[PDB]
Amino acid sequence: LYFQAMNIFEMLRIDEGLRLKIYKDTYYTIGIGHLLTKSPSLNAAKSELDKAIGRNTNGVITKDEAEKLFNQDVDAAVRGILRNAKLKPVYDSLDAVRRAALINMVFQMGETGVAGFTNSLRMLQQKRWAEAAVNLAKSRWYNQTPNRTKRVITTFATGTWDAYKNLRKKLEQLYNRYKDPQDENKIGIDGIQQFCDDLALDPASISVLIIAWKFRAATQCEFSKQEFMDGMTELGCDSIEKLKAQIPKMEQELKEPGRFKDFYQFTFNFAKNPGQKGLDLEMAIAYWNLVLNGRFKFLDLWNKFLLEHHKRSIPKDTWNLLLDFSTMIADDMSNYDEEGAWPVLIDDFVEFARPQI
């Protein structure tokens, strides 16, 4: 296998993204789109992953492990392309860099999807790079993934890694403005403040929390280099101005209850201290005031109730269920099911609140 792929791993890590934990596909997946099983059983998915890696991974792997899986998929993709009468001649005719761009297309839309680009593939085989680049930009492929597609088209247009090299340069330069002087691998207190200042936003604002959700950031007041790099690339941003222009789209998403529920539950995980399973009361109240503002009629009475009668940590299930409570609760609380499976804390709140109407 060693006689037969160095830049291809980084090309698809940028275009498709690298996931280190087993995730749900629109199917059990890990790494750069590696399929584990067609089964709906996670036990089966973990078994396949454990067999493929050679250890009890419990659904979590390293980047080197993700690379080993990726190299297997590249090889399988190459075998498939060569068995395809519509793709083999174009693949054979192409140089190493342009083959990597064709494998990228196969990874995205499969062989049948790629074979559909008959006019474009002909131009590539004919080495009419300018004509092929213009033609590929006309497709729906270009609108569905404009950032990824432009990068792949550039690879076919130039036969170089310039689209990937230049994105990484732009992000690396931008990163240097925010990196911690005491730790190059992260953005510190100062850096996060600067990032927020550059976006003309307060670091405790709802907009910054929406950005944190979109970046899948782990913890408040922390921001790793990997979080910044992956977040900026997944969002198709290479500057603060581009990220700033993405905020209204992120805001519109939250008007749909499914997205709002995902963001609301993410807030708990983001707000909590690493090493703690619960969220401290003062912190829970501060984030509730931000995310439940204009969504929960009883928010202030809830805060007063907790500060005087609970005075303890908030578990994840209670945090999650509070959104369901806020949605269903009547203004007079007359519809509250005192025997309807709510946490005891919410039964206690309704008992405390009801005399005050």
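Just count from 1 along the sequence shown to find any residue number.
In at least a third of the other PDB entries of this protein that model the residues around it, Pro40 has no coordinates. Across the other PDB entries of this protein whose models span the neighbouring residues, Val350 is modelled without exception, so it is unmodelled in far fewer than a third. Unmodelled deposited residues between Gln4 and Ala5: 1 to 3, per the record. Two stretches are in play, 57 to 65 and 27 to 35, and the higher mean C-alpha B-factor belongs to 27 to 35. Taking the mean C-alpha B-factor of each stretch as recorded, 263 to 271 and 147 to 155 are not equal, and the higher mean is that of 147 to 155. The residue among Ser239, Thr233, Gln220, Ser139 whose C-alpha atom has the highest B-factor in the PDB entry is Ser139. Take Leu299, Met328, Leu290, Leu42 and read off each C-alpha B-factor from the entry; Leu42 has the highest. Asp317: CA B factor lies in the lowest third for its chain, per the PDB record. Ranked against the other modelled residues of its chain, the C-alpha B-factor of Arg122 as given in the entry falls in the highest third. The PDB entry assigns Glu338 a C-alpha temperature factor belonging to the highest third of its chain's modelled residues. Compared with the other modelled residues of the chain, the Cα B-factor recorded for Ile346 ranks in the lowest third. Split the chain's modelled residues into thirds by C-alpha temperature factor. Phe107 is in the highest one.
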